[PDB]
Amino acid sequence: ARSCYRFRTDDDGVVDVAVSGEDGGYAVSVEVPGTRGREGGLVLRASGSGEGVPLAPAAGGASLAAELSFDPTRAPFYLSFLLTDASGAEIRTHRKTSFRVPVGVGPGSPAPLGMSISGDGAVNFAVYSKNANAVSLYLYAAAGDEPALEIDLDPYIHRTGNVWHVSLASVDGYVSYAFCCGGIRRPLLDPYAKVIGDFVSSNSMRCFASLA
Amino acid sequence: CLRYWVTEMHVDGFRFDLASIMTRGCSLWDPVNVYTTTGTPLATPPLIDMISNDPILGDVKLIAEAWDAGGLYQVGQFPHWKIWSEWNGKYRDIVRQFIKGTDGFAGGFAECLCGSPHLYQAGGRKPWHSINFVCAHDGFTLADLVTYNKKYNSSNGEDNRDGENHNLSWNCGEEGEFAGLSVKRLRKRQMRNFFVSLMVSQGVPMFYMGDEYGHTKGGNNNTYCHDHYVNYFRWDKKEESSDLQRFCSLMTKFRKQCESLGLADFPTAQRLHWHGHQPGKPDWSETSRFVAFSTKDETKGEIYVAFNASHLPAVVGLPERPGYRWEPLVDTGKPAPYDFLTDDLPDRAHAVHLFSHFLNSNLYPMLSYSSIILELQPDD
Amino acid sequence: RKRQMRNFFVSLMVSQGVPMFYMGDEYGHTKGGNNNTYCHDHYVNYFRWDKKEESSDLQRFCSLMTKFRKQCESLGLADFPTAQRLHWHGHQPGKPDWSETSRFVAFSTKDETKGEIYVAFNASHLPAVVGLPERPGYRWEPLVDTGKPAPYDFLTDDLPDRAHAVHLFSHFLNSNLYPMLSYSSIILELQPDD
């Protein structure tokens, strides 16, 4: 299953990104169409990288495309990059930020609140928080005390209004999940969880929502 | 329903028609039912509370037309939760009355230009919560605002009963599309003045389809029942009016380029200064038909705007800034394409040079019913 | 100072009688401030041809003014003008102001060659916008404006941008108006508009 992200640029343009789970690595393709203001090609620098991946024509100069690959065993991470014309000028997003794309997790959907499973087996997470400026998801394995997997949520892709959401291909090897709001690393319980764990007074007061 | 449209059709916001009805009380709270009757307006209506504080709907654009046909009128007092925006009809009335020339509207006009803080600041809302407009789908178009003194709704079949009766318009001297050259020149000036007033105000500007080329409906100010070219966008007539379209495009570009035009907070006195015929002496008297201001810009340095809604021409004095001089940008009185100066014009430097004997001594001559915009540039 | 000198020369060249001016006044000769130089065999009293080329604009203005006086027959009149030919105007047409505070004198006169000319003097310190006489079927064309920079203070066919200069003032001229500075003079000619 592939995921697609369309970013508006700061020079009235569009950058298209696709992340594919190649049959155990990851492939990211970048496509930049249109040409009004920049002519002489672009180089994809990974957010200040001294190296560069030049974008080659695809179908006769209408579009410029590049491809990047990533080795497996990498926990869910983010790819950040910038674009540069043959002048030194930098192309950013319409929010004046580097293009950031998740690799290893899907965008998810804001409904229903809590944890739900789709027909294909994808696990969707959704939680409401108006005041929190950063939300993180923790996954725990059968014992846990420390997270086996930690996933920060992108404030742009993983939000719809005041609901933070994320999708996971599979939760195999995990039994519990929790949320972290703000910068505090204290795991919180999902208000909409239907099955919960054990109330453990750590040395604190914590309870984890079950993934069953 | 609102959540469905947002999450399935990717709609960015909503505008609610006759939104005051959504604040009237339900009959379930009468003492007969439990143990203030039906339709009494409430200060905290449950539906508005649910919409404003929804996890999804609370972060989208919500605009209310704050009146209904039952006599309610809640402009400036809609229950907003500091979240809701409003169609500003007081702005519409004040601008329509000032631009055509009417005693006692200069202070209201200056308040309109600043985002109407007298309606929004105390309650905790921002200038951009005000949706400014001059014309809409209901009522006169921009072209008919300067052509007719009264509605012509006889084609509706209701014996001229339907439609707004107080349009606050002026036909610029003669009634109808057949007039002398001076009247047509004045009409073009007035349309440009309306667009300039819209584009330099604090708040969110809104204008109707086809107002950018001068669409006309023949004086009919309520055209709800005509599937007919009176309601169609005229792409053929748009090409005959490329000058007004160019002016509107350039003015929108100018608004986008200036950091002092769309502000996140109400302008302060250290940034904005009011002027009159002479700099630093604004005229708020009842007979005044002249408003001018200058504001500090982090991009263009300083800009100066003046509106002369009088029937008499005037030469105005410009603020004194030693080491700098004022450069002309906009003048709605000048014939196109010199009503807006761009570097695409090959005659720009020469046209500016021909007014140097006025610009050097900080003066500018204005026609009646005209507007100007100037920029400050270093001179050494 | 340049404006005022041009105003003086315009008034000399548009008056009834015989114009008369001393040598060196056509390019601005200066004596250092000496109003009585009857006993000086010095360069102060010698015509300067080195500084004539520096004041070519004022010299051109004076030559064009004299040529204009030659070409207009309403300036050389054997008899005194009568009210039929000469009309007086103020800020508004046909309303001259003869009070003690007035500093604005303007008139219009008919010609068999130029048709009609309009002359205005604004000796006040405040710029004003004046109302031109209403002549159906015609319009006013700018010829002389002492406030404008050279060479546009006098408009001639030798100028390659004359029509564009008139076009850039057409928005004022179409409504029978003209903007004036302080201490300035204007002369306009009536031309058909058809």
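No Cβ is skipped: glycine too gets one built from the backbone with ideal geometry, and neighbour counts run over all protein chains shown. A short reminder: the numbers here are calculations on the coordinates, not readings from a lab.
For the range C:1-70, build the charge dipole from Cβ charges (+1 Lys, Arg; -1 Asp, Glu) around the Cα centre, then report which of C:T37, C:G24, C:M13 sits farthest towards its positive end.
C:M13
Let me spell out the model: positive unit charges on the Cβ of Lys and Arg, negative unit charges on the Cβ of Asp and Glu, origin at the Cα centre of the protein assembly as shown. What dipole size does that give, in debye rounded to 20?
1540
Let me see the pair-distance distribution of the range C:5-159: every alpha carbon pair, 5 Å bin width, integer percents in order.
Final binned percentages: 1, 7, 14, 17, 18, 16, 11, 7, 5, 2, 1, 0, 0.
Hey, if you drop one equal point scatterer on each alpha-carbon of the range C:1-48 and run the Debye formula without solvent, what base-10 log of I(q)/I(0) do you get at q = 0.27 Å⁻¹?
At q = 0.27 Å⁻¹ the computed log10 ratios are -1.08.
Rule-of-thumb check for the range B:241-335: C-alpha Rg over 2.2 N^0.38 Å?
1.18
Karplus couplings for the range B:15-26 from phi (6.51 cos²θ - 1.76 cosθ + 1.60, θ = phi - 60°), rounded to Hz, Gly and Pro as x?
With coefficients 6.51, -1.76 and 1.60, one gets 10, 9, 7, 6, 6, 5, 4, 6, 10, 7, x, 8 Hz.
State the number of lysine pairs found in chain C whose Cα atoms come within less than 26 Å, restricting to pairs 8 or more positions apart or on distinct chains.
Summing the qualifying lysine pairs gives 23.
Taking the Cα centre as origin and putting +1 on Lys and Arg beta-carbons and -1 on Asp and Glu beta-carbons, what dipole magnitude results for chain A, to the nearest 20 debye?
720
In whole angstrom, how long is each semi-axis of the equivalent ellipsoid of the range A:72-128, when you take the square root of 5 times every eigenvalue of its Cα gyration tensor and sort them from largest down?
Gyration-tensor ellipsoid for the range A:72-128: 33, 15, 8 Å.
Dividing the convex hull volume of the alpha carbon atoms of the range A:127-212 by its residue count, what do you get in Å³ per residue?
Spelled out: Cα convex hull of the range A:127-212, divided by residues, is 104 Å³.
From the residues B:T252, B:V230, B:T268, which one has its Cα farthest along the dipole of the range B:191-271 in the positive direction, the dipole being from +1 and -1 charges on Cβ of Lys/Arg and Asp/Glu about the Cα centre?
B:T268
Check each of the chymotrypsin sites (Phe, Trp or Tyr not before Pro) in the range B:186-292 and keep only those in coil by DSSP with at most 14 other C-beta atoms within 10 angstrom; list them in order.
Passing sites in the range B:186-292 are B:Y224, B:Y232, B:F233, B:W284.
Using Cα centres only, tell me the gap between the range B:40-73 and the range C:123-165 in whole Å.
Each part reduced to its Cα centre gives a spacing of 61 Å.
Going down the table (B:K151/B:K238; B:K61/B:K256; B:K184/B:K256; B:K126/B:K184; B:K100/B:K334), which pairs top 28 Å between alpha carbons?
Too far apart for the 28 Å limit: B:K184/B:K256; B:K126/B:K184.
Over the Cα atoms of the protein assembly as shown, each weighted equally, I'd like the Debye log10 I(q)/I(0) at q = 0.09 Å⁻¹, rounded to two decimals.
Values returned for q = 0.09 Å⁻¹ are -1.05.
Exactly which trypsin sites (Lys or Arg not before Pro) in the range B:136-180 are in a DSSP loop and have at most 15 other Cβ atoms within 10 Å?
B:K150, B:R161
For the range A:36-56 and the range A:167-207, what is the centre-to-centre distance using only Cα atoms, to the nearest Å?
Cα centroid to Cα centroid, the span is 42 Å.
Under a 5 Å amide H to amide H cut-off, with H placed in plane at 1.01 Å, what residues pair with C:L75 once short-range neighbours are removed?
Long-range HN contacts for C:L75: none found.
Karplus couplings for the range A:54-63 from phi (6.51 cos²θ - 1.76 cosθ + 1.60, θ = phi - 60°), rounded to Hz, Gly and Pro as x?
These are the phi-based 3J(HN,Hα) values: x, 8, 9, x, 9, 10, x, x, 5, 9 Hz.
Return the sequence-ordered ³J(HN,Hα) values of the range C:94-103 in whole Hz as given by the Karplus equation 6.51 cos²θ - 1.76 cosθ + 1.60 applied to θ = phi - 60°, using x for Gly and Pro.
So the J values, rounded to whole Hz, are x, 9, x, 10, 9, 5, 6, 8, 5, 9.
Using the C-alpha atoms of the range A:1-141, what convex hull volume per residue, in cubic angstrom, is computed?
Roughly 162 Å³ of hull volume per residue.
Could you work out, for chain B, what percent of all Cα-Cα pairs fall into each 20 Å distance bin, beginning at 0 Å and stopping at the bin that holds the largest distance?
It works out to 25, 54, 19, 2, 0, in whole percents.
If we count other beta carbons within 10 Å of each Cβ, what is the order of B:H10, B:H137, fewest first?
Taking fewest neighbouring Cβ atoms as first place, the list is B:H10, B:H137.
Do any GluC sites (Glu not before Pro) in the range C:13-86 lie in a loop, going by DSSP, with at most 10 other beta-carbon atoms within 10 Å of their beta carbon, and if so which?
Within the range C:13-86, the qualifying GluC sites (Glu not before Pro) (loop, at most 10 other Cβ atoms within 10 Å) are C:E53.
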